[PDB]
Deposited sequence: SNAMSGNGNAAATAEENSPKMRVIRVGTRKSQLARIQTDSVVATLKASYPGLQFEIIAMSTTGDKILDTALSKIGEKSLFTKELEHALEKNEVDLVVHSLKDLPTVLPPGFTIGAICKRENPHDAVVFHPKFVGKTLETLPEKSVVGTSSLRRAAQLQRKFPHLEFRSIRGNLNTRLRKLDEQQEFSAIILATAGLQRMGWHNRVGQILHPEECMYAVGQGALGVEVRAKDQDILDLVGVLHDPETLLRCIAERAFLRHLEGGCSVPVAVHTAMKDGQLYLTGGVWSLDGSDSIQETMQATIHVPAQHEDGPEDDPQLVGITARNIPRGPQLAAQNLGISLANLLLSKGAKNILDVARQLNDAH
């Protein structure tokens, strides 16, 4: 353990996210040296991991599939930023809400999950795909008049320093978030235990359990489907709400389940070589609550499946 090599894409958001993690690692490990190597695109980064070119990579958790290639694992789930979706309005609709927009106002989003939920809740608005990164989308919004508004993650605006552009934050009842949204995942080599121990300091127990539940739900249903969730840990209880929608949002199934899961306060010297749970390795967090969280997500998926979720999903791909 001497120089820690952190790989990163050249994009601005990826670069910011990577920096926030490196900052947190330096703070914990002031005596070590960290170096940033700037290069699904996920498979080029993984290749650099595979080749020992870098030791770790930072991702937005929702961009990581519930099943990772053998030889890689999520070594860290960092404290969640705000998970909710948000609305940025055209320069003409300040103070306005989705509720208050004019009929047939056009809302830009390329997300099936967002479009399906928002068409259902706002049948008088028009939802249309929009392309580009966050910067490009904001320019199109202000520089033309195709869009009366766009939908983006609260968390991404926040990290870009554009929170003041947020006109509306959506509640679960209007729009539930994507699995893992607002959380960062650090990906490493599954068998590299030094690195795993090192990044293990980043795990936020609460976010870790929430994301295990959410990703177990997602995986058991079997980025590119109209599925959404909401999680909360409150008073020793983990709450999981999940939903599935048809492309137009007309068909819908949503349910909530709950389980007693303590949020673990203390770390522990845990079993090396226990299997990762939904791609995640957290040997320093108690196993029990992790299993309980995964079981909760499995439970909810089965309930939705018994209610027809599979045929909704077969019709709602991308």
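Without any C-alpha position in the structure, which residue ranges of the deposited sequence would you list, numbering from 1? Coordinates drop out over 1-20, 60-78, 262-263, 360-364.
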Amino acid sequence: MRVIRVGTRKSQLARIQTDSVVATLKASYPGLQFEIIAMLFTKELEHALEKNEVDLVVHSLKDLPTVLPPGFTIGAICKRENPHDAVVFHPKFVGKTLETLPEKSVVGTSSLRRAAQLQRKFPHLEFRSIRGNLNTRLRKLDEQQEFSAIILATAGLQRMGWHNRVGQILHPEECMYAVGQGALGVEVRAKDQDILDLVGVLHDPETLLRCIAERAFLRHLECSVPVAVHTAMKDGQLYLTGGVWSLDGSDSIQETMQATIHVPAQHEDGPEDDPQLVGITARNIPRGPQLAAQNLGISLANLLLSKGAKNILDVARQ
From here on, numbers count along this sequence of modelled residues.
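By rigid core we mean the largest C-alpha set that fits within 1.5 Å across both forms.
Rigid core superposition, C-alpha RMS per stretch in 6 other deposited structures of this protein: which comes out larger, 80-88 or 223-231? Comparing 223-231 with 80-88, the one that moves more in 6 other deposited structures of this protein is 223-231.
Once the rigid core is lined up, would you tell me whether 268-276 or 251-259 has the higher RMS CA deviation in 6 other deposited structures of this protein? Between the two stretches, 268-276 moves farther in 6 other deposited structures of this protein.
Among the other entries of this protein that model both neighbours of residue 64, is it absent from at least a third? No, residue 64 has coordinates in all the other entries compared.
Do at least a third of the other entries of this protein fail to model residue 292? In none of the comparable entries (those modelling both sides of it) is residue 292 left without coordinates.
If you average the CA temperature factors as listed in the entry, which stretch comes out higher, 126-134 or 180-188? It is 126-134 that shows the higher mean C-alpha B-factor.
Average Cα temperature factor in the PDB entry - higher stretch of 54-62, 245-253: Per the PDB entry, the higher value belongs to 245-253.
Options 158, 207, 111, 193 - largest CA temperature factor per the record: Of the options given, 193 has the highest CA B-factor in the PDB entry.
Maximum C-alpha temperature factor, selected from 197, 173, 81, 85: Highest CA B-factor of the listed options: 173.
Considering every modelled residue of the chain and its Cα B-factor in the PDB entry, is residue 286 in the lowest, middle or highest third? Answer is middle: the recorded C-alpha B-factor places it there.
Ranked by Cα temperature factor within the chain, is residue 75 in the lowest third, the middle third or the highest third? Lowest third - that is where residue 75 ends up once the chain's C-alpha B-factors are sorted.
Chain-relative CA temperature factor third for residue 292: Bottom third by C-alpha B-factor.
Grab the CA temperature factor for residue 94 from the record and place it in the lowest, middle or highest third of its chain. Top third by C-alpha B-factor.
Chain-relative CA temperature factor third for residue 302: Lowest third.
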